């Protein structure tokens, strides 16, 4: 007769549970603990890197442009038969007694060349001292001077050749590279001797490819400016090497101080040293890097030419404290040195707040414990350290915040059990069915709960009695409707009344005193049945009623994917191209010349 309007649901008959099946709620579980926070040491650090810069210094070249042209005289013209150009090494004595001394040069070259002592007279006249004037102007140039301007050629009248001599002096830039046993000039000439060669200290062990009299060292030299004529106010030690083609002078200075194989790279006001995994971590918050190192300091003794390290190390460390923690913190021992992957040498100065000044004694002892010739190689890319630093910092948070939640969760559950405990006491069925993940019947046998599964009844095989007032015992009116049903389609018809959430209770025992304005709704099928004044009215669907929710919401979204495409500022080729001249490309073209423009096989007779 009155069948379910909404069929998108199920019905259940839950017969009383015997001691057949009984379960117990799990007890509160043990909660995880926030990890003991990492301990960080404050400290200052300076980071050094393989020094790739060459040694630089000033030098002065003295030499002579010795030219000899030969000329054939045509009836109405002239033709060079030859033009011989050479370089004469102005000698020690002329550089001291003539040039430096008075600012003049002789007009004559006299040197060895191919094992013979040749000699050139300017214009082939008697020797004549000539004042040196600055070279002509030119953008981007060291200083320079010369005596002669033009070239002297023989007249038709006449020594069938013409000789020219131009005394030249330049303040070239010198550059040398490790091992620094030879150096180079601005002109492109090598000089096969150490820039630190000399007679003072152990400097005489330095390298040299030349005989002893080539080299000479004036001890107490006041050079005078060739433009201002001024005299040096302080003396130096002037070195003078005389090669076959020139005499080169610079100021000798002690080696060790002058150079270094590592380069101070960065200053980190707040470098943090963490201890983990049998290694150290040096996170520079500002620089966004984290260096990894053994727990053993590095022997600066093992370093080849590293005087500058501790020099700068202290300077920066002394200078930094004086500004940042001049009175904020206190040093904990002496600077220390560690070598990180990437070949970065970290000098570290462990700090300590005035707050925990009590801990000084202990700390100190654990720092001095770390205290125990070759070159260090440095990678070009610091990327891995910034990755490390980055990844670590994020991982840290993620884990931290997440951990905290895992706990907040656990605890929450433990407590909520105090709520399910009493709740099952109320509707053992509701609670039970929501614990076994299925519809069951259950009752309380003391402190445990007995259960028994329910049987699904067809949605078609359920019918609602039309009234709710008992004819037999008037003055009484049930509170829950009555129904009929069959577990099978062709099956018999069973009596019983309705219960919460489509439970077809067999025994019709629920009744209340009859009343007026007694209208109710009942969970019937996929919707509700509407009874008014203890008598049926009509059916509905859940859609007809305004919903409210018991769930706090949460809109979690995924961090979506992202592709990192190859991206580069300057490609390799751009860089190569960034050089105005290319030796290789040119050489290749230069040496092709006679192949493209001549004939290198034919033999004439």
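Positions refer to the first chain, counted from 1.
Peer 1: Residues with no coordinates between residue 158 and residue 159 in the deposited sequence, how many: none, 1 to 3, 4 to 9, or 10 or more?
Peer 2: Unmodelled stretch: 1 to 3 residues, a short break.
Peer 1: Does the deposited sequence hold unmodelled residues between residue 372 and residue 373, and if so, how many: none, 1 to 3, 4 to 9, or 10 or more?
Peer 2: The entry has a long gap there, with 10 or more residues left out between residue 372 and residue 373.
Peer 1: Which is higher in the entry, the mean Cα B factor of 429-437 or that of 246-254?
Peer 2: For C-alpha atoms only, the mean B-factor is higher in 429-437.
Peer 1: On average, which has the higher Cα B-factor in the deposited entry, 553-561 or 52-60?
Peer 2: So the stretch with the higher mean C-alpha B-factor is 553-561.
Peer 1: Would you mind finding, among 201, 225, 318, 181, the residue with the largest C-alpha temperature factor in the entry?
Peer 2: Spelled out: the listed residue with the top C-alpha B-factor is 201.
Peer 1: Going by the deposited entry, which of 568, 36, 65, 574 has the highest CA temperature factor?
Peer 2: Comparing C-alpha B-factors across 568, 36, 65, 574, the maximum falls on 36.
Peer 1: So where's residue 231 on the chain's Cα temperature factor ranking, which third?
Peer 2: Its C-alpha B-factor belongs to the highest third of this chain's values.
Peer 1: Taking the entry's C-alpha B-factors for this chain, is residue 32 in the lowest, middle or highest third?
Peer 2: As the PDB entry reports it, the C-alpha B-factor of residue 32 lands in the lowest third of its chain.
Peer 1: Taking the C-alpha B-factors as the PDB entry records them, is residue 220 in the lowest, middle or highest third of its chain?
Peer 2: Answer is lowest: the recorded C-alpha B-factor places it there.
Peer 1: Per the entry's values, where does residue 545 land by CA temperature factor relative to the rest of its chain, in the lowest, middle or highest third?
Peer 2: Answer is highest: the recorded C-alpha B-factor places it there.
Peer 1: Quick one: classify residue 583 as lowest, middle or highest third of the chain based on its Cα B-factor.
Peer 2: Tercile = lowest for this residue's CA B-factor.
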